[PDB]
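Take a look at this one chain, the form deposited without the DNA, written out in structure tokens.
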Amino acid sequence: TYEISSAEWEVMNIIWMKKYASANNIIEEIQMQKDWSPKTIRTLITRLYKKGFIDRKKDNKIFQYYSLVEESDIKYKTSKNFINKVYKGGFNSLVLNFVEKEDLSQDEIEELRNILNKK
């Protein structure tokens, strides 16, 4: 019923990769990159759970969290919002700004074209 912060995106990205993950599995993966405590990280998991983004499945052993939101759509909708707030030429503007600013590689430029050719 709202929208994700930078740390929930972190937590979420791990949950969309591991398909099913534990509070500890999540802390381990998150701690390889951020110096955040476990409290802090479980608080993010509890909150993500309370707003509905994820749920927690069991069956004996240990508690596991999983996604309730489609990765593809909350990321699409988030990019739509980002583009709507920063650029005044829609998606095309962002691509033009990125391409002119980053010296993309021949291999990067080529993956790009493939993505435009497949639809």
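By rigid core we mean the largest C-alpha set that fits within 1.5 Å across both forms. Residue numbers run from 1 along the displayed sequence.
Another form, the form solved in complex with the DNA, is not on view; read the next lines as being about it.
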Give a yes or no on whether every one of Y2, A7 and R42 sits within 4.5 angstroms of the DNA in the entry with it bound by heavy atom. yes
Considering the DNA in the entry with it bound, which of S105, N13, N97, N24 comes within 4.5 Å of it through any heavy atom? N24
Identify, from the list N84, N92, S37, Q33, the residue with a heavy atom within 4.5 Å of the DNA in the entry with it bound. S37
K88 versus the DNA, in the entry with it bound: is there a non-hydrogen atom within 4.5 Å? no
Determine whether any heavy atom of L68 comes within 4.5 Å of a heavy atom of the DNA in the entry with it bound, and answer yes or no. no
Does any part of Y76 reach within 4.5 Å of the DNA in the entry with it bound? Heavy atoms only, please. no
Residue-level question: is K80 within 4.5 Å of the DNA in the entry with it bound, judged on heavy atoms? no
Check each residue of 80-103 against the DNA in the entry with it bound and list those with a heavy atom within 4.5 Å, in sequence order. none
So that I can tell if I62 moves, could you say whether its C-alpha shifts by at least 2 Å between this form and the one not shown after the core superposition? yes
